[PDB]
Amino acid sequence: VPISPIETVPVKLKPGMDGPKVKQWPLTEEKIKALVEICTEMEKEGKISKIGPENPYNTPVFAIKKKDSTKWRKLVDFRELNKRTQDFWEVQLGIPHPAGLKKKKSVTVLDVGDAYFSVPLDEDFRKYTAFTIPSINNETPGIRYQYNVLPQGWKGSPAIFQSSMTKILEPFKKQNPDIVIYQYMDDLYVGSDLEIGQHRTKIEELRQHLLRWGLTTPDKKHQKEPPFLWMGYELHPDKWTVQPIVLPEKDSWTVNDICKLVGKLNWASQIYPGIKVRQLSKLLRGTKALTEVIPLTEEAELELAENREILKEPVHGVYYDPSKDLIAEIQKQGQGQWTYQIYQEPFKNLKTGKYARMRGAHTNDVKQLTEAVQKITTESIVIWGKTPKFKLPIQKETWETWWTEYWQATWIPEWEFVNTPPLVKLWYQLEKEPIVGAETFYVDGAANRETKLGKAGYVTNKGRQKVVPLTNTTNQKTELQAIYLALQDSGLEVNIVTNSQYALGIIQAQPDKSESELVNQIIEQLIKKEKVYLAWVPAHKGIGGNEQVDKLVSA
Amino acid sequence: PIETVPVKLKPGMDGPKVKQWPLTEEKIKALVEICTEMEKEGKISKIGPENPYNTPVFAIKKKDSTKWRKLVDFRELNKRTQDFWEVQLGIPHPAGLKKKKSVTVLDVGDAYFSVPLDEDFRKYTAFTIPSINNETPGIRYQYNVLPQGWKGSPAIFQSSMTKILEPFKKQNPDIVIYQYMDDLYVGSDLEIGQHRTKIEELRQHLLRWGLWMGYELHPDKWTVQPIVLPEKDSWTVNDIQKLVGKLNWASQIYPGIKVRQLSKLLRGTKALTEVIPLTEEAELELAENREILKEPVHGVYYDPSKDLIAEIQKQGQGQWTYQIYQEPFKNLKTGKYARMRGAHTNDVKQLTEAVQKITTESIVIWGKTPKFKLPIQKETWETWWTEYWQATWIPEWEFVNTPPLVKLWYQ
DNA sequence: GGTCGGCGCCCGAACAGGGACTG
DNA sequence: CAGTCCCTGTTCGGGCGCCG
């Protein structure tokens with residue numbers, strides 16, 4: 001067998017494990033013809049070689065139909081081999097995005113034919129890559145081959161090709177530094193600011209530099225005229241957009257159809273602004289069978305109709321201009337939902353997106369806004385390598401009030417206030433010093449770990465008192481209940497003294513939303529107040545009325 | 001032509017496999033240049049995907065330094081090689097270094113490139129350079145010499161280092177030299193003038209063997225932050241309640257603290273703003289507790305076999321308090337930082353500066369880096385902390401969320 | 001079809017660790 | 001007292017989308 005022009009990548013098995021000897025699936029007669037036709041052809045071109053009984057290994061094989069063609073593709077079920085093969089460190093750290101592309105005078109796109117079959121495999125490993133071809137008769141022994149290139153379906157092939165490909169492009173990239181070559185697997189975006197005459201020359205210089213190593217650049221896949229089709233987009237000299245997205249129009253929706261719908265909606269959210277999937281993902285909570293039919297909710301059909309109307313109109317993104325600043329602007333779409341757009345000139349979006357992750361049982365709009373800023377910051381440095389300037393619907397004073405007093409560290413990069421309702425604000429402020437002339441409530445609450453019963457109430461400096469029997473409760477739920485009672489029964493200004501660390505912590509974090517209805521009720525009473533002062537005193541120390549009300553709510 | 005020191009991982013562990021995090025443009029361009037140059041000087045060489053190990057990498061600029069510096073997050077590698085640089089080739093810790101009037105730090109990382117690394121150990125020094133928008137897949141390298149930021153490098157180079165320092169240690173015996181990571185700590189009681197002079201004597205003494213920095217410390221002027229009680233002449237119900245809670249909380253440190261009398265002043269269900277006269281028995285329990293806060297804690301001493309642990313609290317208005325301990329409530333050192341870079345405008349820059357100052361103090365006093373309990377969300381820290389980092393080492397950390405309870409460390 | 005790798009999101013279930021009370 | 005439990009936050013296992 002001849003030697004491939006490309007260097008081979010040494011591969012080992014994991015120590016102490018032998019190759020796979022697994023048998024073969026029974027195959028339909030229509031796929032047996034497609035395999036023996038492909039096996040005898042790849043054997044002619046030096047890509048698979050026969051093996052005798054000295055090879056004790058075996059692995060299954062099958063063949064699926066290629067999309068929009070009569071040719072078949074050969075795949076190997078290497079699930080047992082992949083287990084015992086060494087681990088690789090994948091080099092594809094992410095997916096390129098068109099928003100990171102700079103406007104280039106000339107652009108060329110090409111795609112190499114049978115990329116995995118132009119790159120060799122390590123000699124030693126080939127012996128492991130053994131499989132049997134079943135004949136049309138179940139009695140025929142069958143044809144046993146062993147691979148010599150990268151088998152499609154093996155876990156090392158993508159990691160090996162990308163590193164081998166980059167090593168071949170380095171000499172051309174070293175001689176042609178101003179040539180931008182976006183290299184994602186087998187696809188080469190080649191752009192340059194050279195004149196269109198000197199550009200086609202460099203195109204052929206590389207198509208020959210690639211040809212020297214066994215990499216064919218067919219003129220069928222060659223692309224010289226805009227619009228180019230690259231990574232599932234459409235690149236025009238001034239604008240880009242995604243290739244058309246097709247949502248299902250089922251009359252009866254299953255869980256998998258929502259998954260396929262939610263998936264394409266998330267994919268559409270990178271340029272199509274304002275896509276919401278809150279009410280559609282609520283269909284996926286607590287469900288067990290994909291194959292289970294689910295009826296759409298009124299809030300879900302409305303969200304789908306709005307998303308369909310957005311996909312009707314055409315949208316397009318622009319390219320990255322390094323000379324002008326990067327800008328990102330956020331809106332509060334819905335409760336727990338956020339959207340953003342990244343641009344450099346107004347309305348000329350580089351890309352859009354959404355953030356909706358609910359972190360914690362207790363949160364507010366300021367926290368969620370801070371979490372979205374970070375999600376955008378990371379995504380930005382990926383695509384462009386810088387942090388965009390931020391237009392945020394929060395008052396500069398509102399934010400200054402928050403981060404200066406909050407006990408965690410928190411920060412937002414260079415930003416500016418944009419007056420786009422709904423504005424993010426703090427719905428209440430806890431006073432720092434006790435209010436002069438305000439009734440003082442000493443609250444407490446306890447329960448029994450067995451009876452799940454408890455009391456909760458208060459005693460005031462004016463003699464006011466209440467104790468309320470509670471059922472199905474915990475020590476935490478009672479201490480929160482005691483604070484809810486003091487707020488209900490106090491004026492616009494109130495001083496409240498509790499001994500629960502658990503409660504004070506939830507509240508000093510000034511939350512505006514919560515998964516617990518009791519917390520949500522506490523919030524609503526806090527907003528109705530003009531001044532509120534919380535304070536903590538240790539329990540069981542005989543403190544004020546906190547020992548006279550620890551004894552009334554004891555049982 | 002130098003023989004390599006054979007190294008091995010601690011038994012029963014695999015190398016680091018940590019993903020690389022996204023990097024800015026000004027850092028990637030800085031790494032590509034340094035890596036292409038280091039490759040040309042044979043210090044590194046490209047590798048492939050057969051190596052299953054990886055370690056994150058980024059770049060920094062030290063304080064008042066125009067030049068970029070390559071930094072590798074070998075924390076996961078160092079945890080998996082701990083037996084080597086502690087059992088076989090450890091470095092003693094001069095307990096007098098913390099007592100010098102001035103201590104200067106010198107980046108000596110360039111000297112490690114002179115020594116080759118063990119061939120079988122180069123597999124674990126693997127890292128990856130990312131590309132903006134993932135234009136190209138990851139450009140991978142591995143180290144051919146002693147890497148900067150690895151805890152095995154100053155152990156292998158120690159024998160070579162001691163021989164370089166002997167002509168200077170003999171001329172100047174009263175000077176104390178300690179080596180930690182890529183840094184060299186030199187302390188002397190000399191006046192600030194002739195101190196900086198002897199530094200340049202050693203800088204030229206190091207240039208003639210194949211090696212520059214300048215950061216000055218004053219460990220004798222390091223103060224501790226005690227727990228203090230206010231000196232009010234008129235006390236209210238609320239003042240006495242905050243006083244008891246803080247005194248109740250501090251009782252876990254000083255067991256002699258008692259709050260009974262004060263509690264007795266909080267018998268009635270009184271309004272918070274109501275002025276309360278201090279009884280005669282109360283004014284004495286307040287003065288004795290103030291004196292117990294003057295005394296040192298009983299039974300607090302440093303254990304070399306225990307990990308250092310640090311806690312940091314945000315006090316607002318540019319104030320940050322910290323405590324360093326090995327066993328809870330047995331604080332080896334406490335303190336407070338104020339008016340650092342980024343005050344009143346950037347919490348993360350302040351927290352980053354504080355971790356550095358604290359870690360530097362931990363190296364001078366015990367020769368260990370503490371594990372940090374950081375008062376910040378995990379996602380907020382992992383986003384911004386590299387932009388304000390200005391040191392060649394990286395401590396370990398974790399993320400907490402303890403709401404304030406009763407301002408124990410700052411008035 | 002029931003092959004691989006990369007990246008994103010959504011969910012629940014499992015892990016984990018700190019605070020208060022009791023055995 | 002260690003041992004629960006009440007609570008909350010993180011990690012990870014499993015679905016689709018996209019790219020080749």
# chains A, B, ... in the order shown; residues from 1 in each chain; ligands from 1

$ closest_atom_pairs --of "segment 259-378 of chain A" --to "segment 3-15 of chain C" --cutoff "9 Å" --atoms "only C-alpha atoms (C1' of nucleotides)" --output "CSV"
residue,atom,partner,partner_atom,distance
A:259,CA,C:10,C1',8.7
A:262,CA,C:9,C1',8.3
A:263,CA,C:9,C1',7.3
A:266,CA,C:9,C1',6.9
A:267,CA,C:8,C1',8.4
A:281,CA,C:10,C1',6.9
A:284,CA,C:11,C1',7.2
A:285,CA,C:11,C1',6.1
A:286,CA,C:12,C1',7.5

$ write_last_selection --atoms "N, CA, C and O atoms" --output "compact mmCIF listing (two decimals), in the first residue's frame"
# COMPACT_ATOMS: atom_id res chain seq x y z
N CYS A 259 -39.65 20.40 20.97
CA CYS A 259 -38.19 20.44 21.01
C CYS A 259 -37.61 20.90 19.68
O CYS A 259 -36.73 21.77 19.63
N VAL A 262 -38.63 24.62 19.50
CA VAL A 262 -37.80 25.43 20.39
C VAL A 262 -36.38 25.53 19.85
O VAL A 262 -35.73 26.58 19.94
N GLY A 263 -35.87 24.44 19.28
CA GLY A 263 -34.51 24.46 18.75
C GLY A 263 -34.35 25.44 17.61
O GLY A 263 -33.41 26.25 17.59
N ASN A 266 -34.61 29.09 18.85
CA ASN A 266 -33.34 29.55 19.41
C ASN A 266 -32.34 29.85 18.31
O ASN A 266 -31.60 30.84 18.39
N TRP A 267 -32.30 29.01 17.27
CA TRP A 267 -31.43 29.28 16.13
C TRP A 267 -31.84 30.56 15.42
O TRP A 267 -30.98 31.33 14.97
N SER A 281 -41.44 26.65 26.06
CA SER A 281 -40.64 25.77 26.91
C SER A 281 -41.38 25.36 28.18
O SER A 281 -41.03 24.33 28.77
N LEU A 284 -42.56 21.88 28.17
CA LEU A 284 -41.59 20.80 28.29
C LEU A 284 -41.25 20.43 29.73
O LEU A 284 -40.47 19.50 29.95
N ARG A 285 -41.82 21.13 30.71
CA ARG A 285 -41.50 20.86 32.11
C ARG A 285 -42.32 19.68 32.62
O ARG A 285 -43.52 19.57 32.36
N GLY A 286 -41.65 18.78 33.34
CA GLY A 286 -42.32 17.67 34.00
C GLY A 286 -42.93 16.63 33.09
O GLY A 286 -43.73 15.82 33.56

$ closest_atom_pairs --of "chain A" --to "chain C" --cutoff "9 Å" --atoms "only C-alpha atoms (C1' of nucleotides)" --output "JSON lines"
{"residue": "A:63", "atom": "CA", "partner": "C:1", "partner_atom": "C1'", "distance": 8.4}
{"residue": "A:64", "atom": "CA", "partner": "C:1", "partner_atom": "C1'", "distance": 5.8}
{"residue": "A:65", "atom": "CA", "partner": "C:1", "partner_atom": "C1'", "distance": 7.9}
{"residue": "A:75", "atom": "CA", "partner": "C:3", "partner_atom": "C1'", "distance": 5.6}
{"residue": "A:76", "atom": "CA", "partner": "C:3", "partner_atom": "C1'", "distance": 6.0}
{"residue": "A:77", "atom": "CA", "partner": "C:3", "partner_atom": "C1'", "distance": 5.8}
{"residue": "A:78", "atom": "CA", "partner": "C:3", "partner_atom": "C1'", "distance": 7.4}
{"residue": "A:79", "atom": "CA", "partner": "C:3", "partner_atom": "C1'", "distance": 8.5}
{"residue": "A:90", "atom": "CA", "partner": "C:5", "partner_atom": "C1'", "distance": 7.4}
{"residue": "A:91", "atom": "CA", "partner": "C:6", "partner_atom": "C1'", "distance": 8.6}
{"residue": "A:92", "atom": "CA", "partner": "C:6", "partner_atom": "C1'", "distance": 5.6}
{"residue": "A:93", "atom": "CA", "partner": "C:6", "partner_atom": "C1'", "distance": 6.9}
{"residue": "A:94", "atom": "CA", "partner": "C:7", "partner_atom": "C1'", "distance": 5.4}
{"residue": "A:95", "atom": "CA", "partner": "C:7", "partner_atom": "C1'", "distance": 6.0}
{"residue": "A:152", "atom": "CA", "partner": "C:3", "partner_atom": "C1'", "distance": 6.7}
{"residue": "A:153", "atom": "CA", "partner": "C:3", "partner_atom": "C1'", "distance": 3.8}
{"residue": "A:154", "atom": "CA", "partner": "C:4", "partner_atom": "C1'", "distance": 5.6}
{"residue": "A:155", "atom": "CA", "partner": "C:4", "partner_atom": "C1'", "distance": 5.2}
{"residue": "A:156", "atom": "CA", "partner": "C:4", "partner_atom": "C1'", "distance": 8.0}
{"residue": "A:157", "atom": "CA", "partner": "C:4", "partner_atom": "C1'", "distance": 7.5}
{"residue": "A:158", "atom": "CA", "partner": "C:5", "partner_atom": "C1'", "distance": 5.6}
{"residue": "A:159", "atom": "CA", "partner": "C:5", "partner_atom": "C1'", "distance": 7.1}
{"residue": "A:259", "atom": "CA", "partner": "C:10", "partner_atom": "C1'", "distance": 8.7}
{"residue": "A:262", "atom": "CA", "partner": "C:9", "partner_atom": "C1'", "distance": 8.3}
{"residue": "A:263", "atom": "CA", "partner": "C:9", "partner_atom": "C1'", "distance": 7.3}
{"residue": "A:266", "atom": "CA", "partner": "C:9", "partner_atom": "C1'", "distance": 6.9}
{"residue": "A:267", "atom": "CA", "partner": "C:8", "partner_atom": "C1'", "distance": 8.4}
{"residue": "A:281", "atom": "CA", "partner": "C:10", "partner_atom": "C1'", "distance": 6.9}
{"residue": "A:284", "atom": "CA", "partner": "C:11", "partner_atom": "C1'", "distance": 7.2}
{"residue": "A:285", "atom": "CA", "partner": "C:11", "partner_atom": "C1'", "distance": 6.1}
{"residue": "A:286", "atom": "CA", "partner": "C:12", "partner_atom": "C1'", "distance": 7.5}
{"residue": "A:449", "atom": "CA", "partner": "C:21", "partner_atom": "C1'", "distance": 8.6}
{"residue": "A:475", "atom": "CA", "partner": "C:20", "partner_atom": "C1'", "distance": 8.4}
{"residue": "A:501", "atom": "CA", "partner": "C:19", "partner_atom": "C1'", "distance": 8.8}
{"residue": "A:502", "atom": "CA", "partner": "C:19", "partner_atom": "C1'", "distance": 8.3}

$ write_last_selection --atoms "C-alpha atoms" --output "short mmCIF file (atom, residue, chain, number, x, y, z; two decimals), in the first residue's frame"
data_model
loop_
_atom_site.label_atom_id
_atom_site.label_comp_id
_atom_site.auth_asym_id
_atom_site.auth_seq_id
_atom_site.Cartn_x
_atom_site.Cartn_y
_atom_site.Cartn_z
CA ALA A 63 -25.06 2.52 5.40
CA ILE A 64 -27.49 5.44 5.34
CA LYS A 65 -28.81 7.40 2.38
CA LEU A 75 -20.67 4.44 8.54
CA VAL A 76 -19.14 2.22 11.22
CA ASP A 77 -20.78 1.60 14.61
CA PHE A 78 -17.52 2.12 16.50
CA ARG A 79 -19.31 2.40 19.85
CA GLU A 90 -10.81 18.45 20.46
CA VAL A 91 -9.45 21.59 18.81
CA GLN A 92 -12.75 23.03 17.56
CA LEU A 93 -13.25 25.49 20.42
CA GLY A 94 -16.46 26.89 18.91
CA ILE A 95 -18.40 27.79 15.79
CA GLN A 152 -16.52 8.29 9.43
CA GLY A 153 -18.10 7.42 12.77
CA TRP A 154 -14.86 7.12 14.76
CA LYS A 155 -14.31 9.59 17.58
CA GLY A 156 -10.77 10.59 16.59
CA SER A 157 -11.43 11.46 12.95
CA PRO A 158 -12.76 15.04 13.46
CA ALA A 159 -9.97 15.89 15.91
CA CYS A 259 -38.19 20.44 21.01
CA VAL A 262 -37.80 25.43 20.39
CA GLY A 263 -34.51 24.46 18.75
CA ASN A 266 -33.34 29.55 19.41
CA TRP A 267 -31.43 29.28 16.13
CA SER A 281 -40.64 25.77 26.91
CA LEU A 284 -41.59 20.80 28.29
CA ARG A 285 -41.50 20.86 32.11
CA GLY A 286 -42.32 17.67 34.00
CA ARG A 449 -40.61 18.83 63.20
CA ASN A 475 -39.30 26.56 61.13
CA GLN A 501 -31.03 34.62 59.72
CA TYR A 502 -32.89 32.72 56.99
#

$ select_by_dssp --residues "segment 436-478 of chain A" --states "helix (DSSP H, G or I)" --output "VMD selection string"
chain A and resid 475 to 478

$ interface_residues --of "chain B" --to "chain D" --cutoff "12 Å" --atoms "only C-alpha atoms (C1' of nucleotides)" --output "CSV table (one decimal) with N, CA and C atoms, in the first residue's frame"
chain,number,residue,atom,x,y,z
B,377,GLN,N,-20.7,36.1,43.1
B,377,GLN,CA,-21.2,35.0,42.3
B,377,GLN,C,-20.2,34.4,41.5
B,378,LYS,N,-20.4,33.1,41.2
B,378,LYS,CA,-19.3,32.4,40.4
B,378,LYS,C,-19.2,33.0,39.0
B,379,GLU,N,-20.3,33.3,38.3
B,379,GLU,CA,-20.3,33.8,36.9
B,379,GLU,C,-19.7,35.2,36.9
B,399,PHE,N,-16.8,30.1,46.0
B,399,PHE,CA,-17.7,31.2,46.0
B,399,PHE,C,-18.8,31.0,47.1
B,400,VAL,N,-19.0,32.0,47.9
B,400,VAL,CA,-19.9,32.0,49.0
B,400,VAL,C,-21.0,33.1,48.8
B,401,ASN,N,-22.0,33.0,49.7
B,401,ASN,CA,-23.0,34.1,49.7
B,401,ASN,C,-23.6,34.1,51.1

$ interface_residues --of "chain B" --to "chain C" --cutoff "12 Å" --atoms "only C-alpha atoms (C1' of nucleotides)" --output "ChimeraX atom specification"
/B:133-134,137-138,400-402

$ write_last_selection --atoms "N, CA, C and O atoms" --output "PDB file, in the first residue's frame"
ATOM      1  N   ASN B 133     -13.542  34.503  17.154  1.00  0.00           N
ATOM      2  CA  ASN B 133     -14.653  33.954  16.379  1.00  0.00           C
ATOM      3  C   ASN B 133     -14.363  32.546  15.873  1.00  0.00           C
ATOM      4  O   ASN B 133     -15.022  32.074  14.947  1.00  0.00           O
ATOM      5  N   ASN B 134     -13.385  31.863  16.466  1.00  0.00           N
ATOM      6  CA  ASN B 134     -12.995  30.516  16.052  1.00  0.00           C
ATOM      7  C   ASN B 134     -12.695  30.465  14.553  1.00  0.00           C
ATOM      8  O   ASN B 134     -13.152  29.577  13.831  1.00  0.00           O
ATOM      9  N   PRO B 137      -9.123  26.377  14.127  1.00  0.00           N
ATOM     10  CA  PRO B 137      -9.114  25.528  15.327  1.00  0.00           C
ATOM     11  C   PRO B 137      -7.953  25.863  16.252  1.00  0.00           C
ATOM     12  O   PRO B 137      -7.113  26.711  15.929  1.00  0.00           O
ATOM     13  N   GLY B 138      -7.888  25.196  17.401  1.00  0.00           N
ATOM     14  CA  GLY B 138      -6.935  25.586  18.429  1.00  0.00           C
ATOM     15  C   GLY B 138      -5.505  25.257  18.036  1.00  0.00           C
ATOM     16  O   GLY B 138      -5.199  24.130  17.628  1.00  0.00           O
ATOM     17  N   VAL B 400     -18.994  32.022  47.920  1.00  0.00           N
ATOM     18  CA  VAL B 400     -19.928  31.982  49.033  1.00  0.00           C
ATOM     19  C   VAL B 400     -20.976  33.072  48.834  1.00  0.00           C
ATOM     20  O   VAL B 400     -20.859  33.930  47.958  1.00  0.00           O
ATOM     21  N   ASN B 401     -22.015  33.028  49.677  1.00  0.00           N
ATOM     22  CA  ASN B 401     -23.035  34.076  49.716  1.00  0.00           C
ATOM     23  C   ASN B 401     -23.593  34.098  51.142  1.00  0.00           C
ATOM     24  O   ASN B 401     -24.667  33.566  51.437  1.00  0.00           O
ATOM     25  N   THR B 402     -22.835  34.721  52.042  1.00  0.00           N
ATOM     26  CA  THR B 402     -23.258  34.883  53.422  1.00  0.00           C
ATOM     27  C   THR B 402     -23.777  36.299  53.605  1.00  0.00           C
ATOM     28  O   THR B 402     -22.971  37.243  53.630  1.00  0.00           O
TER      29      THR B 402
END

$ closest_atom_pairs --of "chain A" --to "chain B" --cutoff "7 Å" --atoms "only C-alpha atoms" --output "JSON lines"
{"residue": "A:10", "atom": "CA", "partner": "B:50", "partner_atom": "CA", "distance": 7.0}
{"residue": "A:11", "atom": "CA", "partner": "B:50", "partner_atom": "CA", "distance": 6.3}
{"residue": "A:87", "atom": "CA", "partner": "B:52", "partner_atom": "CA", "distance": 5.5}
{"residue": "A:88", "atom": "CA", "partner": "B:52", "partner_atom": "CA", "distance": 4.8}
{"residue": "A:89", "atom": "CA", "partner": "B:52", "partner_atom": "CA", "distance": 4.8}
{"residue": "A:90", "atom": "CA", "partner": "B:49", "partner_atom": "CA", "distance": 6.4}
{"residue": "A:91", "atom": "CA", "partner": "B:138", "partner_atom": "CA", "distance": 4.7}
{"residue": "A:92", "atom": "CA", "partner": "B:137", "partner_atom": "CA", "distance": 4.9}
{"residue": "A:93", "atom": "CA", "partner": "B:137", "partner_atom": "CA", "distance": 6.6}
{"residue": "A:94", "atom": "CA", "partner": "B:134", "partner_atom": "CA", "distance": 5.8}
{"residue": "A:95", "atom": "CA", "partner": "B:134", "partner_atom": "CA", "distance": 6.1}
{"residue": "A:96", "atom": "CA", "partner": "B:133", "partner_atom": "CA", "distance": 4.9}
{"residue": "A:97", "atom": "CA", "partner": "B:133", "partner_atom": "CA", "distance": 6.3}
{"residue": "A:100", "atom": "CA", "partner": "B:133", "partner_atom": "CA", "distance": 6.0}
{"residue": "A:159", "atom": "CA", "partner": "B:49", "partner_atom": "CA", "distance": 6.1}
{"residue": "A:160", "atom": "CA", "partner": "B:49", "partner_atom": "CA", "distance": 6.5}
{"residue": "A:162", "atom": "CA", "partner": "B:137", "partner_atom": "CA", "distance": 6.9}
{"residue": "A:163", "atom": "CA", "partner": "B:48", "partner_atom": "CA", "distance": 6.5}
{"residue": "A:182", "atom": "CA", "partner": "B:135", "partner_atom": "CA", "distance": 4.7}
{"residue": "A:183", "atom": "CA", "partner": "B:136", "partner_atom": "CA", "distance": 5.2}
{"residue": "A:184", "atom": "CA", "partner": "B:136", "partner_atom": "CA", "distance": 6.8}
{"residue": "A:374", "atom": "CA", "partner": "B:383", "partner_atom": "CA", "distance": 7.0}
{"residue": "A:381", "atom": "CA", "partner": "B:24", "partner_atom": "CA", "distance": 5.7}
{"residue": "A:382", "atom": "CA", "partner": "B:133", "partner_atom": "CA", "distance": 5.4}
{"residue": "A:383", "atom": "CA", "partner": "B:133", "partner_atom": "CA", "distance": 3.9}
{"residue": "A:384", "atom": "CA", "partner": "B:132", "partner_atom": "CA", "distance": 6.0}
{"residue": "A:385", "atom": "CA", "partner": "B:24", "partner_atom": "CA", "distance": 4.3}
{"residue": "A:386", "atom": "CA", "partner": "B:24", "partner_atom": "CA", "distance": 5.9}
{"residue": "A:404", "atom": "CA", "partner": "B:316", "partner_atom": "CA", "distance": 6.3}
{"residue": "A:405", "atom": "CA", "partner": "B:316", "partner_atom": "CA", "distance": 6.7}
{"residue": "A:407", "atom": "CA", "partner": "B:314", "partner_atom": "CA", "distance": 5.8}
{"residue": "A:408", "atom": "CA", "partner": "B:376", "partner_atom": "CA", "distance": 4.9}
{"residue": "A:409", "atom": "CA", "partner": "B:376", "partner_atom": "CA", "distance": 5.0}
{"residue": "A:410", "atom": "CA", "partner": "B:347", "partner_atom": "CA", "distance": 5.9}
{"residue": "A:411", "atom": "CA", "partner": "B:346", "partner_atom": "CA", "distance": 6.0}
{"residue": "A:434", "atom": "CA", "partner": "B:273", "partner_atom": "CA", "distance": 6.5}
{"residue": "A:436", "atom": "CA", "partner": "B:273", "partner_atom": "CA", "distance": 6.0}
{"residue": "A:440", "atom": "CA", "partner": "B:271", "partner_atom": "CA", "distance": 5.5}
{"residue": "A:460", "atom": "CA", "partner": "B:269", "partner_atom": "CA", "distance": 6.4}
{"residue": "A:461", "atom": "CA", "partner": "B:270", "partner_atom": "CA", "distance": 5.1}
{"residue": "A:505", "atom": "CA", "partner": "B:403", "partner_atom": "CA", "distance": 5.6}
{"residue": "A:537", "atom": "CA", "partner": "B:245", "partner_atom": "CA", "distance": 5.6}
{"residue": "A:538", "atom": "CA", "partner": "B:245", "partner_atom": "CA", "distance": 5.8}
{"residue": "A:541", "atom": "CA", "partner": "B:263", "partner_atom": "CA", "distance": 6.6}
{"residue": "A:542", "atom": "CA", "partner": "B:263", "partner_atom": "CA", "distance": 6.2}
{"residue": "A:543", "atom": "CA", "partner": "B:266", "partner_atom": "CA", "distance": 5.0}
{"residue": "A:544", "atom": "CA", "partner": "B:266", "partner_atom": "CA", "distance": 4.4}
{"residue": "A:545", "atom": "CA", "partner": "B:269", "partner_atom": "CA", "distance": 4.2}

$ write_last_selection --atoms "C-alpha atoms" --output "CSV table (one decimal), in the first residue's frame"
chain,number,residue,atom,x,y,z
A,10,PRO,CA,-0.1,8.4,16.2
A,11,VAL,CA,-3.1,6.9,18.1
A,87,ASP,CA,-9.1,10.3,24.8
A,88,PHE,CA,-8.5,13.2,22.4
A,89,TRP,CA,-8.5,16.9,23.0
A,90,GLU,CA,-10.8,18.4,20.5
A,91,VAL,CA,-9.4,21.6,18.8
A,92,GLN,CA,-12.8,23.0,17.6
A,93,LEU,CA,-13.3,25.5,20.4
A,94,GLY,CA,-16.5,26.9,18.9
A,95,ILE,CA,-18.4,27.8,15.8
A,96,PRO,CA,-17.5,30.9,13.8
A,97,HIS,CA,-20.2,33.5,13.4
A,100,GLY,CA,-17.2,38.5,13.3
A,159,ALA,CA,-10.0,15.9,15.9
A,160,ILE,CA,-7.4,14.4,13.5
A,162,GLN,CA,-8.7,19.6,11.8
A,163,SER,CA,-5.2,19.4,13.2
A,182,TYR,CA,-11.6,30.8,8.0
A,183,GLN,CA,-11.0,27.1,8.4
A,184,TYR,CA,-14.0,25.1,9.9
A,374,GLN,CA,-22.3,38.7,31.5
A,381,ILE,CA,-15.3,38.2,23.3
A,382,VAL,CA,-15.8,34.8,21.6
A,383,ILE,CA,-16.9,36.4,18.3
A,384,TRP,CA,-15.1,39.7,18.3
A,385,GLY,CA,-12.7,39.6,21.2
A,386,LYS,CA,-13.9,42.8,22.9
A,404,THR,CA,-22.8,50.1,46.5
A,405,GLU,CA,-25.0,48.6,49.2
A,407,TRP,CA,-22.8,42.6,50.0
A,408,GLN,CA,-21.5,40.6,47.1
A,409,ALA,CA,-19.1,42.0,44.6
A,410,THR,CA,-20.8,43.0,41.3
A,411,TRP,CA,-20.0,45.3,38.4
A,434,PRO,CA,-34.4,52.8,62.8
A,436,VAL,CA,-38.1,57.7,64.7
A,440,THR,CA,-41.6,48.5,66.7
A,460,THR,CA,-45.1,45.9,69.8
A,461,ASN,CA,-44.0,48.8,71.9
A,505,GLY,CA,-31.1,37.1,54.1
A,537,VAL,CA,-31.0,40.0,67.4
A,538,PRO,CA,-29.8,36.6,68.7
A,541,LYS,CA,-30.8,35.7,75.0
A,542,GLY,CA,-33.8,37.4,76.6
A,543,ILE,CA,-33.9,40.3,74.2
A,544,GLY,CA,-36.7,42.9,74.4
A,545,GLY,CA,-40.0,41.6,73.2

$ residues_around --residues "residue 494 of chain A" --least-positions-apart "3" --cutoff "6 Å" --atoms "only C-alpha atoms (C1' of nucleotides)" --output "number ranges by chain"
A: 438-439, 532

$ residues_around --residues "segment 151-154 of chain B" --least-positions-apart "2" --cutoff "8 Å" --atoms "only C-alpha atoms (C1' of nucleotides)" --output "number ranges by chain"
B: 78, 81, 84-85, 112, 146-149, 156-158, 179-182

$ residues_around --residues "residue 113 of chain B" --least-positions-apart "4" --cutoff "10 Å" --atoms "only C-alpha atoms (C1' of nucleotides)" --output "number ranges by chain"
B: 38, 41-44, 109, 117, 143-148, 153, 210-211

$ residues_around --residues "segment 237-245 of chain A" --least-positions-apart "3" --cutoff "12 Å" --atoms "only C-alpha atoms (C1' of nucleotides)" --output "ChimeraX atom specification"
/A:97-108,191,225-234,248,260-261,263-272,307-308,310-321,348-352 /D:17-18
